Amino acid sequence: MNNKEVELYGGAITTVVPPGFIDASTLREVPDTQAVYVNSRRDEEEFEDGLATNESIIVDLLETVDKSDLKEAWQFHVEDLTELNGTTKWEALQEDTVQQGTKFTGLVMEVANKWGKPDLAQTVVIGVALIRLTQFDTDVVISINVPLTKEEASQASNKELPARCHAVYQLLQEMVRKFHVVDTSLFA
């Protein structure tokens, strides 16, 4: 990929995002604990990225959850994100401990919802990463939403990982590896 460095939270943190992704706060107010980027690429534009034009990225500075195990903390944060969509059960299509104790990544997909109709509408895969800043009692959660095409949803239901999901997971991992706290005063 050819992701580029970006400054978050006034420059207190840096990570990377793909070209063609715009910082939503340059056009609208976003929650104080969040950094939001949306894919603003035109359909014509050709990037060798593997991405389409509808993904969105949210970085959220959350309080540390009282779970010691890294994967368990990650599952907890995933649940908070999926539960809002009416999801009642989800599965990790991919998962990895990137750094023992502090960094975990995975791709997640709803398999059941409260209305009992998991195929009622378009499927959305969500890349979720957890970066534990234990020193500042902060759990950083990075989410990347991937609204799937009919074709990609069929692959997923057939247990095949769409190429674009593989691309999103690579981006997610690069964001985690490139994640850096520049100014600790952000956590006063």
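Position 1 is the first residue in the sequence shown; the rest follow in order.
Enquirer: Quick one: say whether 51-59 or 159-167 has the higher mean Cα B-factor in the deposited entry.
Expert: Averaged over C-alpha atoms, the B-factors run higher in 159-167.
Enquirer: 130-138 versus 116-124: which one carries the higher mean Cα B factor per the record?
Expert: Looking at the record's C-alpha B-factors, the answer is 116-124.
Enquirer: By the entry's C-alpha temperature factors, tell me which of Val38, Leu70, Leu148, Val30 sits highest.
Expert: Reading the PDB entry, the winner on C-alpha B-factor is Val30.
Enquirer: In terms of the CA temperature factor given in the entry, to which third of its chain does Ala92 belong: lowest, middle or highest?
Expert: CA B-factor rank for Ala92: middle third.
Enquirer: Lowest, middle or highest third: which one holds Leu84 when the chain's residues are ordered by CA B-factor from the entry?
Expert: It falls in the top third of the chain.
Enquirer: Would you check the entry's CA temperature factor for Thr26 and let me know if it's in the chain's lowest, middle or highest third?
Expert: For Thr26, whose C-alpha B-factor we compare with every modelled residue in the chain, the answer is the highest third.
Enquirer: Rank-wise, by C-alpha B-factor, drop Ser143 into the lowest, middle or highest third of its chain.
Expert: Tercile = lowest for this residue's CA B-factor.
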